[PDB]
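In this chain, numbering begins with 1 at the start of the sequence shown. In each ligand, atom 1 is the first atom listed, and ligand 1 is the first ligand listed.
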Amino acid sequence: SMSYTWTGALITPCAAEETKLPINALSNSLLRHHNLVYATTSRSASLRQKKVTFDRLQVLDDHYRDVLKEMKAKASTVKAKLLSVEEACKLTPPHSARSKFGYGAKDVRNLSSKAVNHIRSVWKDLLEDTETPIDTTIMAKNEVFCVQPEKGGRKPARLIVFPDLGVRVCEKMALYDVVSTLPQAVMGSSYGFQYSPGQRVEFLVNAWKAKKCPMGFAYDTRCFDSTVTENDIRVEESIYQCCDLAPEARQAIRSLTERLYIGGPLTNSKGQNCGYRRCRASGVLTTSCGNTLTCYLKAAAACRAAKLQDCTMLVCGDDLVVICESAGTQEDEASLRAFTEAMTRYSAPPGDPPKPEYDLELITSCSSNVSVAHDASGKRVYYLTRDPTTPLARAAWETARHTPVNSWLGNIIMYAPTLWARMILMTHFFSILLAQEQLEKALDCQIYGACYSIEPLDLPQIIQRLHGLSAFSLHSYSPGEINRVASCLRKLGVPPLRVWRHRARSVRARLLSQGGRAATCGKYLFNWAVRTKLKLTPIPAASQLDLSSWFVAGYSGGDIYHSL
Ligand SMILES: CNC(=O)c1c(-c2ccc(F)cc2)oc2cc(N(CCO)S(C)(=O)=O)c(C3CC3)cc12
Ligand SMILES: C[C@@H](O)C[C@H]1OC[C@@H](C2CCCCC2)N(c2cc(C#CC(C)(C)C)sc2C(=O)O)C1=O
């Protein structure tokens, strides 16, 4: 069937969409080539509709059936509870899209009778009706990028498909406990999202180095959500039903699957019927968990079909990395073609064909790669990095324009050990927060696609927990990493190292003088900037942070909230 059918009505905006970086001194102190920065709009939505629209001709085999049987047996070792209306309400982000029925995210979060009574009636409707398609809104995402006139044209906007706020709260009541516990039980060490960034890089290095002769590859499916079939979504539901669940949860999961997850009508911001979806909705609670289970199921079966030796997989939704024992260069090339053919039959063809890699640092997945540096004690440290262009372009945009859910803070958290996050992002944003007396103001940001409320003052403790103490003292960055950052500085017109060092020395002196958490920021984050370095020891308060509920993936809806 077609992933989408369209009526011809347009995907419309709900507000004015800015496309350019405004004239701003604080943003210009970050990058001067402002004309290179753009934001996508609904005007390019038809280019994205074309890319995501295609027929799926899925064929399953014994390898797929065998893997599915193993996954179902492991899902039967899970027990999940229904969340109460109150518990699901508190998981709703403060800027979550308002309901069409006269209440918003604030009303849901503060348990207003109007919001709570509406959610309870949406719940009873899911129990009583297991067939009627649930409405969804289709919107074009406005995201910021830097122009790249090598691969020509600017990026078209991404699309987001989501049901009403009332339905979203119900999805949490039925499935939040499932999506946050089931993948670890079914896929064990292969479940990518459960690892912190520091644990992820350590796992990757140890999985790689444990092989006699390693070969690895990233497998990037072209338009994963569109490749997901009605049968894939019903198989995902059969896995959920293997859990030990309450009767109402079983009924609500069956109803959400048939009415929402398998497909439904698409409505624009104007209330016009845009078409029909027969694939994964990008903005549903199960998007991340469903994509992970489906991608794992297809990949594990394709590993068997390809006869890859000692397949070790890391799965984060649609992002897949396979590490195996090499059988020789020609044999590995043949095995990869067989893997791709198997994935293609299962309705997961690649964007670009995978290439076998024999150097861990040359694999890219989730836009990231493993790089190496040394710490204050001279110890070799592996860490994850990425090209800094998109993070810096977004950082300049978010400096000049208010953004309710920022990217710079999540980027500092996820990429804390990196040369670019340390030299630029931390220096720039601590300078502004200090000057504006906003160090204590908690900000909404995203980590693994879910929303977090974080106070910038807690960054040293968060960084220590997620990356380790070494994150505050890395030196001897690789030449490849130095070049990638220097190229970005040249391209975007960012000030050089000497300028960031001067700014960081000034920021550090002011933070230290404030004492308390601000002094920890100055001491740890900016120890690189001073000649006479302070001794960095484990921060006692770091173990106080409750991170037990962290790392539940929210892509692409981002409709999960946690306050630190
Ligand atoms: C299957 N792919 C993966 O597991 C990931 C790889 C990867 C794996 C193998 C390899 F050879 C090179 C890179 O790098 C990552 C970076 C992030 N992060 C950034 C998310 O934007 S992070 C640095 O916070 O950990 C995440 C976050 C989404 C969970 C996942 C991955
Ligand atoms: C403060 C400085 O004069 C001293 C010293 O601090 C330690 C590190 C850095 C600093 C910035 C913040 C993170 C640690 N460092 C560094 C900077 C690099 C670079 C670059 C380009 C892209 C600008 C050309 S390469 C590198 C390394 O150690 O290999 C330094 O040179």
Side-chain angles (χ1 to χ4, degrees), residues 190-205 207-208 214 216-220 288 292 295-296 299 312-323 357 359-376 382-386 388 390-391 407 410-427 446-450 466-467 471-490 494-505 525-531 533 550-555:
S190 302
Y191 179 49
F193 290 127
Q194 68 173 323
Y195 298 96
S196 69
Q199 284 165 341
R200 189 172 289 97
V201 70
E202 197 198 338
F203 183 71
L204 281 176
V205 169
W208 184 265
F217 61 93
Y219 187 86
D220 301 301
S288 191
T292 305
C295 181
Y296 174 90
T312 296
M313 311 196 299
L314 199 56
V315 192
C316 289
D318 64 332
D319 303 297
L320 171 68
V321 172
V322 179
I323 299 172
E357 300 287 343
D359 190 328
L360 182 55
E361 299 170 22
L362 298 177
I363 297 166
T364 299
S365 177
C366 288
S367 305
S368 311
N369 67 283
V370 173
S371 197
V372 184
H374 286 258
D375 70 7
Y382 294 91
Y383 67 96
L384 290 157
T385 185
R386 64 159 286 150
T390 299
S407 68
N411 275 323
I412 286 171
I413 293 172
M414 294 183 285
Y415 293 102
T418 71
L419 167 59
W420 51 271
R422 295 172 74 203
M423 181 182 75
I424 305 154
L425 294 182
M426 289 179 189
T427 309
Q446 293 197 148
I447 304 165
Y448 302 179
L466 269 57
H467 299 277
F472 309 122
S473 65
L474 295 189
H475 63 76
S476 301
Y477 283 106
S478 81
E481 188 63 9
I482 288 171
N483 272 349
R484 188 162 64 177
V485 177
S487 177
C488 179
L489 305 188
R490 189 257 315 141
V494 181
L497 173 57
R498 283 184 199 275
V499 171
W500 293 104
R501 179 174 69 242
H502 285 143
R503 286 173 186 178
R505 283 166 168 161
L525 311 180
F526 302 103
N527 203 44
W528 59 268
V530 289
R531 309 148 166 117
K533 304 236 188 297
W550 276 38
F551 310 131
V552 178
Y555 309 102

Please compare [options] and report which has the shortest non-hydrogen distance to [atom].
atom: atom 19 (C) of ligand 1; options: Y191, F203, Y415, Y555; answer: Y415
atom: atom 30 (C) of ligand 1; options: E357, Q194, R200; answer: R200
atom: atom 6 (C) of ligand 1; options: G216, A416, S365, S196; answer: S365

Students should be able to answer this: which protein heavy-atom is nearest to [atom], and at what distance?
atom: atom 13 (C) of ligand 2; result: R422 NH1, 3.4 Å
atom: atom 16 (C) of ligand 1; result: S368 OG, 3.5 Å
atom: atom 20 (C) of ligand 2; result: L419 CD2, 4.1 Å

Under 4.0 Å from [atom], can you find at least one protein heavy atom?
atom: atom 4 (C) of ligand 2; result: no
atom: atom 1 (C) of ligand 2; result: yes
atom: atom 22 (C) of ligand 2; result: yes
atom: atom 15 (N) of ligand 2; result: no

Is there side-chain contact between [X] and [Y], with heavy atoms separated by less than 4.5 Å?
X: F551; Y: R200; answer: no
X: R531; Y: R505; answer: yes
X: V370; Y: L384; answer: yes
X: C295; Y: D318; answer: no
X: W420; Y: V494; answer: no

_Contact between ligand 2 and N483 is defined here as a heavy atom of the residue under 4.0 Å from a ligand atom; is it met?_
no
*Aromatic rings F193 and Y448: how do their planes relate, parallel, tilted or perpendicular, breaks at 30° and 60°?*
tilted
*Classify the angle between the aromatic ring planes of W528 and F526 as parallel (below 30°), tilted (30 to 60°) or perpendicular (above 60°).*
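Tilted, since the angle between the ring planes falls between 30° and 60°.
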*Any donor and acceptor pair, going by atom type alone, linking the side chain of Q199 with main-chain N or O of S196 inside 3.5 Å?*
yes
_Spacing of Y382 atom OH and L204 atom CG [to the nearest 0.5 Å]_ = 12.0 Å
_Nearest-0.5 Å distance, CH2 of residue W208 to CD1 of residue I363_ =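 Going from CH2 on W208 over to CD1 on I363, the span is 4.5 Å.
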*Pull out every atom of ligand 2 sitting under 4.0 Å from any heavy atom of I482, numbered as shown with elements.*
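Answer, ordered by atom number: 22 (C), 25 (S).
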*asked:* Can you name the atoms of ligand 2, numbered from 1 with element, that are less than 4.0 Å from a heavy atom of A486?
replied: 22 (C)
_Side chain, backbone, both or neither: which applies to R501 and ligand 2 if a contact is any heavy-atom pair less than 4.0 Å apart?_
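Contact part for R501 vs ligand 2: side chain (C-beta onward).
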_Under 3.5 Å: N/O of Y477 near N/O of ligand 2_ =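 Yes - when backbone and side-chain N and O of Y477 are compared with those of ligand 2, one distance drops under 3.5 Å.
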*Does ligand 1 have an atom under 4.0 Å from some heavy atom of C316?*
yes
*Does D319 come within less than 4.0 angstrom of ligand 1, counting non-hydrogen atoms of the residue?*
yes
